[PDB]
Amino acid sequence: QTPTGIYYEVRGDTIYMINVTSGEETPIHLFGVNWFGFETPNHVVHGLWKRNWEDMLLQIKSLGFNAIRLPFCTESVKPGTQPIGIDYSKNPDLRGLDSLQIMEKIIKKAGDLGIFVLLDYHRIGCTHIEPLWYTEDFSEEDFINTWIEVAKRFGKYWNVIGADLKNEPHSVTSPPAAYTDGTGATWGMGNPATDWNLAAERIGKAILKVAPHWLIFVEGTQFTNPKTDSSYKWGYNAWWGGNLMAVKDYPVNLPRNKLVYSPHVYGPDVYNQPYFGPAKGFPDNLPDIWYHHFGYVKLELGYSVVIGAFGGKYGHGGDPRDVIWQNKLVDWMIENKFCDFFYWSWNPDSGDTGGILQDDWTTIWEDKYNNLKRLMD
């Protein structure tokens, strides 16, 4: 039931942490951040060329966080991979090892601070986010077998709540072609080879045999199926990993208490959505959009919903209307009790969102930040 003694499960729409020995059943809430860079060639979380890692953690935590999502790619996971671009004068603690260890160690330090960790299979390649959980030179079986391996080492770390099966399933072409052309993910279309809802069942089942104590995080797709997407005005405008409109009629076939739907959502910085325009309704049009794209999955369906990645900067690195966006969003999450989230990113170098911070990998965006603590409150 659990090697660790800690069993994670979903009750109602709340994530519970259950100490199987003592019997304590504790509802937990995830106030997290995305510590990216493990889905990269540098093979390490970023910003370490300017600072020490626990300072990052300590700094993280002290800001009020209890969980971090660690994006990774296939190589980061296999033994001999070497990171790159780090300043050892600052971090001389880890000597000679597999981005897997700095990784393992990062997880270790996080738990001492009582921080939970969500493992995310971000990229098969260390370059970009493929639209599918397989490629010409990398098969689904290779993907699943890799998730199994990852479910073994990292399975033992008590603060690891589960697996984000695949980071941002999406399309690389537009509908109606995208639906039946096989280059992109779908949901409720029919073909088990592109339907993420069926693939998620196959991958998740494999993961639960090895880590039955874990939670299965299933993100949305970009497009699902013509009938579903055409049912809502902004149906064709959801984010990669942000379309959960097909959950009602095409629920992933996995035990309800192990399943967590994890949509991704963003503002003006990442991509200039059309409903972001005052002409259409920004920003008061936002509640109904979030609702339709994924909100109803918890509010109406009763499933556990965790925002796996959202972020940007109420700010200047670029666009201002992002201020109104991140505001209206946190307001919204509070009104509806969406208290489990993962900010993107704690890394200032997200050319489209920066971290929760600033490039001298030192200071945090005060206002961008004061807005987010409200939720943790």
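The first residue of the shown sequence is 1; numbering continues from there.
In this crystal structure, the stretch out of 65 to 73 and 312 to 320 whose C-alpha atoms carry the higher mean B factor is 312 to 320. Of the two stretches examined, 299 to 307 and 92 to 100, the record assigns the greater average C-alpha temperature factor to 92 to 100.
Of the candidates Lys205, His293, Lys280, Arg123, it is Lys280 whose Cα B-factor is highest according to the PDB record.
When the Cα B-factors of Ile289, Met245, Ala199, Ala151 are read from the PDB record, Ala151 comes out highest. Residue-level temperature factors show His213 in the lowest third of its chain, judged at the C-alpha atom.
Split the chain's modelled residues into thirds by C-alpha temperature factor. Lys108 is in the middle one. Per the PDB record, residue ranking by Cα B-factor puts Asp142 in the lowest third of the chain.
The PDB entry assigns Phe276 a C-alpha temperature factor belonging to the middle third of its chain's modelled residues.
Per-chain ranking of the deposited C-alpha B factor places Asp87 in the highest third.
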